[PDB]
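Heads up, the thing below is written out as structure tokens.
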Ligand SMILES: N#CCC1=N[C@H]2CCCC[C@H]2N1
């Protein structure tokens with residue numbers, strides 16, 4: 001339960017398969033809903049139970065309420081701390097694009113990684129998590145663009 | 001049964017590899033959490 005970035009694994013399929021990634025901060029585990037579907041998780045010999053989740057936001061927290069509240073400033077480059085399946089954590093710097101919606105604009109990162117990279121954190125220059133990578137769209141040119149998905153800290 | 005494994009610290013890396021473009025897209029978000037192009 002040390003703060004940091006974690007892989008989310010399963011042994012249900014062939015061998016050990018990485019289905020996603022998440023962030024441990026202030027004793028709470030944060031990931032995207034589509035990675036765990038709200039199922040409980042194991043951390044060593046201990047169990048982490050879901051605490052909050054929302055399919056539409058595509059987010060879920062374990063052991064406590066969503067803690068991540070930093071926001072992209074709309075101007076600066078950010079870093080995707082990509083944790084790909086079977087590969088070392090790697091920082092990728094990029095200038096986000098925008099998703100324009102009827103309910104407001106959201107930052108978006110145009111980087112393509114395996115599905116099991118979902119839940120990797122996007123950071124600002126202070127190292128704060130401004131959202132999670134992995135819920136997005138496939139555009140005309142076939143490129144994948146992820147929203148910068150951030151929850152609300154109650 | 002799903003389990004977690006530590007992969008690293010969350011820090012900004014000075015002089016990290018810089019890539020990706022910045023597309024400005026009109027999108028819609030449905031009740032199932034799926035984004036689509038408008
Ligand atoms: N996480 C993540 C990125 C990603 N997820 C798949 C979704 C469909 C397009 C191809 C893949 N790219």
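Taken together, the values in this text are just the output of simple stated rules run on the coordinates, not laboratory data. All Cβ positions, even for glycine, are placed from backbone atoms using ideal geometry, and neighbour counts span all protein chains on display.
Quick check: Cα centre of region A:87-154 to Cα centre of region A:41-73, how many Å?
That distance is 17 Å.
Please report, in cubic angstrom per residue, the volume enclosed by the convex hull of the alpha-carbon atoms of chain A. All intermediate terms of the calculation are to be shown ahead of the outcome.
Values: hull volume 19.2 nm³, N = 154.
Each residue corresponds to 125 Å³ of Cα convex hull volume.
Per 5 Å bin from zero, what fraction in whole % of the C-alpha pairs of region A:4-62 is there, up to the bin with the longest pair?
It works out to 4, 18, 31, 27, 14, 5, 1, in whole percents.
With the crude spin-label approximation of a point 7 Å out along Cα→Cβ, what separation in nm comes out for residue A:49 versus residue A:10?
2.2
Calculated from DSSP H runs of 4 or more alone, at -39500 (n - 2.57) each and per residue, what is the 222 nm mean residue ellipticity of chain A, nearest 500? Before the final figure, lay out each step's value.
Details: 1 runs with 4 residues, N = 154.
Computed mean residue ellipticity for chain A: -500 deg cm²/dmol.
Note down, for region A:78-147, the three equivalent ellipsoid semi-axes (square root of 5 times each alpha carbon gyration tensor eigenvalue), biggest first, whole angstrom.
For region A:78-147, the semi-axes come out at 19, 16, 10 Å.
Please report the base-10 log of the normalised intensity I(q)/I(0) for region A:39-126, using a Debye sum with one equal scatterer per alpha carbon and no solvent, at each q in 0.13, 0.18, 0.24 (1/Å).
So the normalised log intensities are -0.57, -1.06, -1.35.
For region A:106-125, list residues with backbone N below 20 Å from a point placed 7 Å from the Cα of residue B:18 toward its Cβ?
A:108-112, A:122-125
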